[PDB]
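Q: File name final23.cif; file contents mmCIF, C-alpha atoms; full text below.
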```cif
data_input
#
loop_
_atom_site.label_atom_id
_atom_site.label_comp_id
_atom_site.auth_asym_id
_atom_site.auth_seq_id
_atom_site.Cartn_x
_atom_site.Cartn_y
_atom_site.Cartn_z
CA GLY A 1022 114.81 280.98 -27.48
CA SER A 1023 112.27 283.23 -29.28
CA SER A 1024 109.52 280.53 -28.96
CA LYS A 1025 109.93 280.34 -25.16
CA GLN A 1026 109.94 284.16 -24.82
CA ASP A 1027 106.77 284.49 -26.97
CA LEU A 1028 105.09 281.64 -25.03
CA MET A 1029 105.85 283.37 -21.73
CA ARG A 1030 104.29 286.60 -23.03
CA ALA A 1031 101.17 284.77 -24.33
CA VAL A 1032 100.74 282.92 -20.99
CA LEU A 1033 101.22 286.22 -19.05
CA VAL A 1034 98.32 287.87 -20.97
CA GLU A 1035 96.07 284.77 -20.57
CA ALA A 1036 96.88 284.59 -16.83
CA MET A 1037 96.32 288.29 -16.16
CA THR A 1038 93.07 288.56 -18.11
CA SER A 1039 91.76 285.31 -16.51
CA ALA A 1040 92.71 286.50 -13.02
CA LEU A 1041 91.05 289.93 -13.45
CA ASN A 1042 87.82 288.40 -14.83
CA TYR A 1043 87.74 286.06 -11.78
CA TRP A 1044 88.49 288.95 -9.36
CA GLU A 1045 85.65 291.05 -10.87
CA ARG A 1046 83.06 288.22 -10.69
CA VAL A 1047 83.97 286.74 -7.25
CA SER A 1048 84.85 289.97 -5.34
CA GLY A 1049 82.13 292.07 -7.08
CA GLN A 1050 84.84 294.82 -7.20
CA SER A 1051 86.37 296.53 -10.28
CA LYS A 1052 89.82 296.14 -11.91
CA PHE A 1053 90.48 299.66 -10.58
CA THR A 1054 89.77 298.38 -7.00
CA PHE A 1055 92.11 295.39 -7.45
CA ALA A 1056 94.93 297.85 -8.35
CA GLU A 1057 94.07 300.41 -5.68
CA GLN A 1058 93.46 297.95 -2.79
CA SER A 1059 96.46 295.68 -3.61
CA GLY A 1060 98.80 298.63 -4.35
CA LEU A 1061 100.35 296.47 -7.11
CA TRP A 1062 99.45 298.83 -10.01
CA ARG A 1063 99.29 302.64 -10.25
CA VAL A 1064 96.23 304.78 -11.00
CA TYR A 1065 96.59 307.65 -13.51
CA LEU A 1066 94.43 310.61 -14.73
CA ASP A 1067 94.11 310.08 -18.54
CA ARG A 1068 91.51 311.78 -20.82
CA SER A 1069 90.13 313.28 -17.53
CA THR A 1070 89.37 309.79 -16.04
CA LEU A 1071 91.10 307.46 -13.47
CA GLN A 1072 92.73 304.50 -15.30
CA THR A 1073 95.05 301.56 -14.42
CA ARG A 1074 97.12 302.66 -17.46
CA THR A 1075 100.06 300.22 -17.03
CA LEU A 1076 97.97 297.22 -15.84
CA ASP A 1077 95.73 297.69 -18.93
CA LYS A 1078 98.78 297.09 -21.21
CA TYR A 1079 99.06 293.51 -19.79
CA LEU A 1080 95.56 292.54 -21.03
CA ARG A 1081 96.47 292.37 -24.77
CA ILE A 1082 99.55 290.83 -26.41
CA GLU A 1083 99.75 293.92 -28.73
CA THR A 1084 100.30 296.30 -25.76
CA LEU A 1085 102.30 294.06 -23.37
CA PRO A 1086 105.48 296.00 -22.43
CA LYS A 1087 108.84 295.01 -23.98
CA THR A 1088 109.98 294.48 -20.33
CA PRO A 1089 107.11 292.78 -18.43
CA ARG A 1090 107.20 292.96 -14.59
CA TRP A 1091 106.89 289.14 -14.15
CA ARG A 1092 107.04 289.31 -10.32
CA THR A 1093 104.32 291.99 -10.20
CA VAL A 1094 102.11 289.74 -12.41
CA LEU A 1095 102.78 286.69 -10.16
CA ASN A 1096 102.02 288.89 -7.08
CA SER A 1097 98.75 289.92 -8.83
CA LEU A 1098 97.71 286.27 -9.43
CA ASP A 1099 98.60 285.47 -5.76
CA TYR A 1100 96.63 288.50 -4.44
CA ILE A 1101 93.50 287.59 -6.47
CA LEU A 1102 93.71 283.90 -5.37
CA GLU A 1103 94.28 285.04 -1.71
CA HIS A 1104 91.06 287.14 -1.74
CA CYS A 1105 88.89 285.04 -4.15
CA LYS A 1106 88.42 281.40 -3.04
CA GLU A 1107 85.40 280.16 -5.13
CA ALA A 1108 86.58 276.69 -6.26
CA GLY A 1109 85.82 275.67 -9.83
CA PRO A 1110 87.19 275.52 -13.39
CA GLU A 1111 87.80 279.32 -13.58
CA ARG A 1112 90.00 279.26 -10.44
CA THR A 1113 91.78 276.03 -11.49
CA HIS A 1114 92.65 277.67 -14.85
CA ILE A 1115 94.34 280.62 -13.06
CA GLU A 1116 96.29 278.23 -10.78
CA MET A 1117 97.40 276.20 -13.81
CA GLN A 1118 98.52 279.32 -15.71
CA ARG A 1119 100.42 280.54 -12.58
CA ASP A 1120 102.28 277.19 -12.41
CA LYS A 1121 103.01 277.33 -16.17
CA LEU A 1122 104.54 280.85 -15.86
CA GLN A 1123 106.63 279.83 -12.82
CA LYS A 1124 108.02 276.74 -14.65
CA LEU A 1125 108.86 278.82 -17.77
CA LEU A 1126 110.65 281.47 -15.65
CA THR A 1127 112.74 278.79 -13.82
CA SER A 1128 113.55 276.50 -16.82
CA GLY B 1022 68.28 266.60 9.31
CA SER B 1023 70.12 263.25 9.78
CA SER B 1024 71.03 263.12 6.02
CA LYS B 1025 72.71 266.55 6.15
CA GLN B 1026 74.61 265.67 9.37
CA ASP B 1027 75.83 262.34 7.88
CA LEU B 1028 76.81 264.09 4.61
CA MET B 1029 78.83 266.67 6.53
CA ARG B 1030 80.69 263.88 8.37
CA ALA B 1031 81.37 261.95 5.11
CA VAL B 1032 82.66 265.13 3.39
CA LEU B 1033 84.85 265.97 6.44
CA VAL B 1034 86.60 262.54 6.23
CA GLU B 1035 87.03 262.82 2.41
CA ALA B 1036 88.41 266.38 2.76
CA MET B 1037 90.84 265.55 5.57
CA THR B 1038 92.19 262.38 3.99
CA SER B 1039 92.53 264.12 0.58
CA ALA B 1040 94.29 267.12 2.15
CA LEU B 1041 96.78 264.96 4.12
CA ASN B 1042 97.62 262.82 1.06
CA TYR B 1043 98.29 266.06 -0.90
CA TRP B 1044 100.38 267.54 1.97
CA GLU B 1045 102.51 264.36 2.16
CA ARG B 1046 103.17 264.21 -1.61
CA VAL B 1047 103.73 267.96 -2.31
CA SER B 1048 105.60 268.97 0.92
CA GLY B 1049 107.53 265.65 1.17
CA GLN B 1050 106.78 265.91 4.94
CA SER B 1051 104.78 263.50 7.17
CA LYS B 1052 101.28 263.80 8.68
CA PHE B 1053 103.11 264.13 12.02
CA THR B 1054 104.98 267.20 10.61
CA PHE B 1055 101.74 268.80 9.37
CA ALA B 1056 100.36 268.55 12.95
CA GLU B 1057 103.57 269.63 14.68
CA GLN B 1058 104.46 272.52 12.33
CA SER B 1059 100.87 273.88 12.04
CA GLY B 1060 100.13 273.40 15.77
CA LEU B 1061 96.56 272.45 14.76
CA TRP B 1062 96.69 268.88 16.21
CA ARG B 1063 98.38 267.44 19.31
CA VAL B 1064 101.11 264.78 19.43
CA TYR B 1065 100.77 261.96 22.00
CA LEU B 1066 102.97 259.06 23.29
CA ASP B 1067 100.89 255.88 22.61
CA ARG B 1068 102.25 252.28 22.59
CA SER B 1069 105.70 253.96 23.15
CA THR B 1070 105.48 255.94 19.83
CA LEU B 1071 104.60 259.58 18.86
CA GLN B 1072 101.12 259.69 17.23
CA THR B 1073 98.64 262.37 16.04
CA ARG B 1074 96.01 260.42 18.04
CA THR B 1075 93.06 262.84 17.60
CA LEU B 1076 93.84 263.82 13.96
CA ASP B 1077 93.96 260.08 13.09
CA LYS B 1078 90.29 259.72 14.21
CA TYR B 1079 89.26 262.13 11.38
CA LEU B 1080 90.63 259.82 8.64
CA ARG B 1081 87.88 257.14 8.94
CA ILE B 1082 84.10 257.62 9.29
CA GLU B 1083 84.09 254.82 11.96
CA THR B 1084 86.39 256.83 14.30
CA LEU B 1085 85.26 260.42 13.54
CA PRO B 1086 84.39 262.04 16.92
CA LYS B 1087 80.72 262.55 17.89
CA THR B 1088 81.65 266.29 18.12
CA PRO B 1089 83.96 267.12 15.17
CA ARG B 1090 86.06 270.32 15.42
CA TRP B 1091 84.81 271.73 12.06
CA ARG B 1092 86.86 274.96 12.34
CA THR B 1093 90.06 273.01 13.11
CA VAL B 1094 89.42 270.85 9.99
CA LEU B 1095 88.79 273.98 7.83
CA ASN B 1096 91.99 275.55 9.31
CA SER B 1097 93.82 272.29 8.36
CA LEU B 1098 92.59 272.44 4.73
CA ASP B 1099 93.60 276.17 4.60
CA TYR B 1100 97.07 275.46 6.10
CA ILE B 1101 97.78 272.64 3.60
CA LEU B 1102 96.57 274.78 0.63
CA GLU B 1103 98.67 277.76 1.95
CA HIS B 1104 101.88 275.64 1.97
CA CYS B 1105 101.17 273.29 -1.01
CA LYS B 1106 100.47 275.12 -4.31
CA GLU B 1107 100.92 272.39 -7.02
CA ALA B 1108 97.91 273.05 -9.31
CA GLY B 1109 96.05 270.02 -10.63
CA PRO B 1110 93.07 267.69 -10.07
CA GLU B 1111 94.25 266.64 -6.56
CA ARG B 1112 94.37 270.28 -5.36
CA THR B 1113 91.08 271.20 -7.12
CA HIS B 1114 89.37 268.26 -5.32
CA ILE B 1115 90.47 269.61 -1.90
CA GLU B 1116 89.25 273.14 -2.81
CA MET B 1117 85.91 271.71 -3.96
CA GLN B 1118 85.48 269.67 -0.76
CA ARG B 1119 86.39 272.78 1.35
CA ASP B 1120 83.66 274.79 -0.45
CA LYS B 1121 81.16 271.90 0.00
CA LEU B 1122 81.82 271.77 3.79
CA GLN B 1123 81.53 275.58 4.12
CA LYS B 1124 78.16 275.62 2.26
CA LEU B 1125 76.81 272.73 4.41
CA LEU B 1126 77.88 274.51 7.64
CA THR B 1127 76.19 277.81 6.55
CA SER B 1128 72.95 276.35 5.02
#
```
Before anything else, please render the file you have as C-alpha cells.
A:
Amino acid sequence: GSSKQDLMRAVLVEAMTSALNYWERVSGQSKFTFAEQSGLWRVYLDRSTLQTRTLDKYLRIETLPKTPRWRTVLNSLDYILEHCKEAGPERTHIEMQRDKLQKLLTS
Amino acid sequence: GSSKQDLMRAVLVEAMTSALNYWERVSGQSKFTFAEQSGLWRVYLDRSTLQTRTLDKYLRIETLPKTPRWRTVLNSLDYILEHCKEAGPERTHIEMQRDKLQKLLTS
C-alpha cells in the first residue's frame, strides 16, 4: 500500500546518502568519481559545471524521481561496499539498509 | 613481540570459527562444502571419512599450525562474506575480526 511505497522511498534516500558519505570518507574520492568510475550514473554539464544530476535527485526525498531505478541504487550500494571495506557502525548501517530495501522489494 | 604473535593467533581462530559458523547458517551448506566449493582447503580420507583435515586445525588454538597460512585465512573470510550477505551482528563481528587481523599483519 501507500505506507510501504513511502517507506521504500524513505529507505532508498537514507541508503543512498549513507553509502555516498561512506564512499567519500573511506575512498577519499568524490561523489562525482563514484559515478564516473562505476559508470552507474551519468555526468552532465549544468550551469557550466560537471554534475551527477540524476544521482543528486536520490539524496533528498523531495527530489526522488516518481520512478526510482531500484536496481541501480542496489548496484550503487554493492559497488561502494565492494570498494570500501572499513568495518564499523557506518558500514553496518549501509548493509542493514540494503537488506531492508531488498526485503521490501520482495515482500 | 610474543604478545602480538599470540594475539594474531587468537584472533585467527576467533575469525575462522566465526566465519564458518556464519557460512553454515546463512548458506545452509557444510564446512566441507565451503572448502570444496572455494578450493581454499583440501579434503582428505581419514578414519575412512572425508575431512577438511588442515582447515579443522584452525578452529582451536591448541591445533593451530606453527606456520599459519594468513592469506588463505583472509581469502576464506573474504569468500564467506562474498557468498553470505545477511547483515547483522554476526556478520559485523567477522568484518571487525578481518580488519583486526589485517592491521596486526601490517603493523
Q: What does the distance from atom CA of residue A:1124 to atom CA of residue A:1091 come to in Å, to one decimal?
A: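 Spanning atom CA of residue A:1124 to atom CA of residue A:1091 is a straight-line distance of 12.5 Å.
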Q: Take the PyMOL selection byres ((chain A and resi 1029) around 12), run it mentally on this structure, and tell me the resulting residues as number ranges by chain.
A: A: 1022-1028, 1030-1036, 1082, 1085, 1088-1089, 1091, 1094, 1118-1128
Q: Would you list which chain A residues are within 10 Å of chain B using all atoms listed in the file, as a list in words?
A: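 Those within range of chain B come out as residues 1103, 1106, 1107, 1108, 1109, 1110, 1112, 1113, 1114, 1115, 1116, 1117, 1118, 1119, 1120 and 1121 of chain A.
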Q: Give, as lines of an AutoDock Vina configuration file, the centre coordinates and the x, y and z edge lengths in Å to one decimal for an axis-aligned box around all listed atoms of stretch 1052-1069 of chain A, padded by 5 Å on each side.
A:
```
center_x = 95.1
center_y = 304.3
center_z = -11.8
size_x = 20.6
size_y = 27.9
size_z = 28.0
```
Q: Output, as a compact mmCIF listing (two decimals) with C-alpha atoms, in the coordinates of the input, the coordinates of chain B following least-squares superposition onto chain A across all in-order C-alpha pairs.
A:
```
# COMPACT_ATOMS: atom_id res chain seq x y z
CA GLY B 1022 114.82 280.98 -27.48
CA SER B 1023 112.26 283.23 -29.28
CA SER B 1024 109.51 280.53 -28.96
CA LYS B 1025 109.93 280.34 -25.16
CA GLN B 1026 109.94 284.16 -24.82
CA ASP B 1027 106.77 284.48 -26.97
CA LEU B 1028 105.09 281.64 -25.02
CA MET B 1029 105.86 283.37 -21.73
CA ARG B 1030 104.28 286.60 -23.03
CA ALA B 1031 101.16 284.76 -24.33
CA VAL B 1032 100.74 282.93 -20.99
CA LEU B 1033 101.22 286.21 -19.05
CA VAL B 1034 98.33 287.87 -20.98
CA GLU B 1035 96.07 284.77 -20.57
CA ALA B 1036 96.88 284.60 -16.82
CA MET B 1037 96.31 288.30 -16.16
CA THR B 1038 93.07 288.55 -18.11
CA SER B 1039 91.76 285.31 -16.52
CA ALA B 1040 92.71 286.50 -13.02
CA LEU B 1041 91.05 289.93 -13.45
CA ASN B 1042 87.83 288.40 -14.83
CA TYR B 1043 87.74 286.06 -11.78
CA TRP B 1044 88.49 288.95 -9.36
CA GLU B 1045 85.65 291.04 -10.86
CA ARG B 1046 83.07 288.22 -10.69
CA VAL B 1047 83.97 286.74 -7.25
CA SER B 1048 84.86 289.98 -5.34
CA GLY B 1049 82.13 292.07 -7.07
CA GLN B 1050 84.83 294.82 -7.20
CA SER B 1051 86.38 296.53 -10.27
CA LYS B 1052 89.82 296.14 -11.90
CA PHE B 1053 90.48 299.66 -10.58
CA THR B 1054 89.77 298.37 -7.01
CA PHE B 1055 92.11 295.39 -7.44
CA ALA B 1056 94.92 297.85 -8.35
CA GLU B 1057 94.07 300.41 -5.67
CA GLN B 1058 93.46 297.95 -2.80
CA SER B 1059 96.46 295.68 -3.61
CA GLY B 1060 98.80 298.63 -4.36
CA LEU B 1061 100.35 296.47 -7.11
CA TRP B 1062 99.44 298.84 -10.01
CA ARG B 1063 99.28 302.64 -10.25
CA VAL B 1064 96.22 304.78 -11.00
CA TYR B 1065 96.59 307.65 -13.51
CA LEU B 1066 94.43 310.61 -14.73
CA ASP B 1067 94.11 310.08 -18.54
CA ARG B 1068 91.52 311.78 -20.82
CA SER B 1069 90.13 313.28 -17.53
CA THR B 1070 89.37 309.79 -16.04
CA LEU B 1071 91.10 307.46 -13.48
CA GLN B 1072 92.73 304.50 -15.30
CA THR B 1073 95.05 301.56 -14.42
CA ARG B 1074 97.12 302.66 -17.45
CA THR B 1075 100.06 300.22 -17.03
CA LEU B 1076 97.97 297.22 -15.84
CA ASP B 1077 95.73 297.69 -18.93
CA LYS B 1078 98.78 297.09 -21.21
CA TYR B 1079 99.06 293.51 -19.79
CA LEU B 1080 95.56 292.54 -21.03
CA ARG B 1081 96.47 292.38 -24.77
CA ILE B 1082 99.55 290.83 -26.42
CA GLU B 1083 99.76 293.92 -28.73
CA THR B 1084 100.30 296.30 -25.76
CA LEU B 1085 102.30 294.06 -23.37
CA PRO B 1086 105.48 296.00 -22.43
CA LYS B 1087 108.84 295.01 -23.98
CA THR B 1088 109.98 294.48 -20.33
CA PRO B 1089 107.12 292.79 -18.43
CA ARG B 1090 107.20 292.96 -14.60
CA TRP B 1091 106.89 289.14 -14.14
CA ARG B 1092 107.04 289.31 -10.32
CA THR B 1093 104.32 291.99 -10.20
CA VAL B 1094 102.10 289.75 -12.41
CA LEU B 1095 102.78 286.69 -10.16
CA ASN B 1096 102.02 288.89 -7.08
CA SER B 1097 98.74 289.91 -8.84
CA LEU B 1098 97.71 286.27 -9.44
CA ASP B 1099 98.60 285.47 -5.76
CA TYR B 1100 96.63 288.50 -4.44
CA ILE B 1101 93.51 287.59 -6.46
CA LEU B 1102 93.71 283.90 -5.37
CA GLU B 1103 94.28 285.03 -1.71
CA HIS B 1104 91.06 287.14 -1.74
CA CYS B 1105 88.89 285.04 -4.15
CA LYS B 1106 88.41 281.40 -3.05
CA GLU B 1107 85.39 280.16 -5.13
CA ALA B 1108 86.58 276.69 -6.25
CA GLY B 1109 85.82 275.67 -9.83
CA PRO B 1110 87.19 275.52 -13.39
CA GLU B 1111 87.79 279.32 -13.58
CA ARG B 1112 89.99 279.26 -10.44
CA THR B 1113 91.78 276.03 -11.48
CA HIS B 1114 92.65 277.67 -14.85
CA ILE B 1115 94.34 280.62 -13.07
CA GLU B 1116 96.29 278.23 -10.78
CA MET B 1117 97.40 276.20 -13.82
CA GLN B 1118 98.52 279.32 -15.71
CA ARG B 1119 100.42 280.54 -12.57
CA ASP B 1120 102.28 277.19 -12.40
CA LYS B 1121 103.00 277.33 -16.18
CA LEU B 1122 104.54 280.85 -15.87
CA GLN B 1123 106.63 279.83 -12.82
CA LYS B 1124 108.03 276.74 -14.65
CA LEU B 1125 108.86 278.82 -17.77
CA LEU B 1126 110.65 281.47 -15.65
CA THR B 1127 112.74 278.78 -13.81
CA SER B 1128 113.55 276.49 -16.83
```
Q: Identify all residues satisfying the PyMOL selection byres ((chain B and resi 1061) around 8) in the given file; provide them as an NGL selection string.
A: :B and (1056-1057 or 1059-1060 or 1062-1063 or 1093 or 1096-1097)
Q: Mind giving me the straight-line distance from atom CA of residue B:1041 to atom CA of residue B:1070 in Å, one decimal?
A: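 Answer for the atom CA of residue B:1041 to atom CA of residue B:1070 separation: 20.1 Å.
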Q: Could you tell me how far atom CA of residue B:1095 sits from atom CA of residue B:1054, in Å to one decimal place?
A: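 Result for atom CA of residue B:1054 versus atom CA of residue B:1095: 17.8 Å, one decimal.
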Q: Between A:1101, A:1040, A:1071, A:1080, which residue has the minimum interatomic distance to residue A:1058, considering only C-alpha atoms?
A: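 The shortest atom-to-atom distance to residue A:1058 comes from A:1101.
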Q: Going by the chain IDs and residue numbers used in this file, which residues fall under the PyMOL selection byres ((chain A and resi 1073) around 7)? Write them as a PyMOL selection string.
A: chain A and resi 1053+1062-1065+1072+1074-1077
